[PDB]
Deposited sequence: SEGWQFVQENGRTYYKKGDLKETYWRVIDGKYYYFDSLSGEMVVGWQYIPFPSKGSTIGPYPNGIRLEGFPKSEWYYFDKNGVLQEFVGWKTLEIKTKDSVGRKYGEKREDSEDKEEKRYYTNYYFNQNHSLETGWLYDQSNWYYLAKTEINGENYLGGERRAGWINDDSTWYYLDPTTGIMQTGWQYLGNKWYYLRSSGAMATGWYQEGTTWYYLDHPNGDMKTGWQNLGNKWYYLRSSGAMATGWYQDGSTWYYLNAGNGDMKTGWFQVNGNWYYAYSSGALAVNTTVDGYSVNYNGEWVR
């Protein structure tokens, strides 16, 4: 008869000398035994999902499968029972000490949030739940890292695109966000915008690649723009000190040389500053920079 056997501090499932390895259902509960030694596993594990005839029985004699199940993160209690969790869970963090351990091995505790799918393994990557997006860490097991599933907070970079997850809820943010004394615009997909952004009729410039909203004079594509303190791109006449500048009515680019506004001709030097009360090119201009 199949039975649990305690040997050398470890637990095995044996019938005679015959050892179970991989998954087995025992009294309706799921257990898992190390592929090589049969040692029963406890706590966090990154192991093959149960797949008939390779990682869970029956193993009918004869013809072999090629291939092998992908691994997933599962959580087993201190006695080896697979915890069949489904929602959000608060559980211990995954470290060298808390991952891949066997019953009877010699073990401050920290916690975070994880989300279990219907098959009782961890979700990783983007998750839509209760009308919001969340980001759960991608699995990376290397060196001292045992990452995978942890609900993330703050900035994340997915496929070279930046997203912000609220640190308190894990919820992916959209819209204008104020962070580290600066403004960012997250598109309705959550994606951090860079470059020119139009909201209603107002234009904004978000740093490429940093995303932060620019204010003041910006040289962009070899043109000068003035962005107001609010980030809004200025158009028309703008007075900086006692100096006047003209920014193109539609596009916002600063004019230099001779230009006409309301059937008047004005002249701006290379700096963009309006020539006033003087002569330029033989043409007098008045106190309003009108050609007179």
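Colleague: In sequence order, what intervals of the deposited sequence carry no C-alpha positions?
Modeller: Unmodelled stretches: 1-2, 110-117, 303.
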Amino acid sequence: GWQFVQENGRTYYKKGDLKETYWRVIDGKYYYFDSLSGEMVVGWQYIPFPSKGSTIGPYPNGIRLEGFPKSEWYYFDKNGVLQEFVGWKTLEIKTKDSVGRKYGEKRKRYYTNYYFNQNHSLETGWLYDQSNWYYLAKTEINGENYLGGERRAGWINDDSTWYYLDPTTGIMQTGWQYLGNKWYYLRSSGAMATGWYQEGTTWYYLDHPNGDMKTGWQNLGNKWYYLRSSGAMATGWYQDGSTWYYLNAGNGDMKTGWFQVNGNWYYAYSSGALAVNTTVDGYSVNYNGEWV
From here on, numbers count along this sequence of modelled residues.
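Colleague: Pick between 35-43 and 241-249: the one whose mean CA B-factor in the entry is higher.
Modeller: Comparing 35-43 with 241-249, the higher mean C-alpha B-factor belongs to 241-249.
Colleague: Would you mind comparing 45-53 and 59-67 for me and telling me which has the higher average C-alpha temperature factor in the entry?
Modeller: The entry gives the higher C-alpha B-factor average to 59-67.
Colleague: Comparing recorded Cα B-factors across 170, 175, 100, 209, which one is largest?
Modeller: Top of the list by C-alpha B-factor: 209.
Colleague: Select lowest, middle or highest to describe the third in which the CA B-factor of residue 283 falls within its chain in this entry.
Modeller: CA B-factor rank for residue 283: highest third.
Colleague: Rank-wise, by C-alpha B-factor, drop residue 221 into the lowest, middle or highest third of its chain.
Modeller: According to the entry, residue 221 has a C-alpha B-factor in the chain's highest third.
Colleague: Sorting the chain's modelled residues by C-alpha B-factor, tell me whether residue 154 ends up in the lowest, middle or highest third.
Modeller: For residue 154, whose C-alpha B-factor we compare with every modelled residue in the chain, the answer is the lowest third.
Colleague: Among the chain's modelled residues, which third holds the C-alpha B-factor of residue 190?
Modeller: Within its chain, residue 190 is a middle-third residue by C-alpha B-factor, going by the deposited values.
Colleague: Of the three thirds of its chain by CA temperature factor, lowest, middle or highest, which one includes residue 72?
Modeller: Bottom third by C-alpha B-factor.
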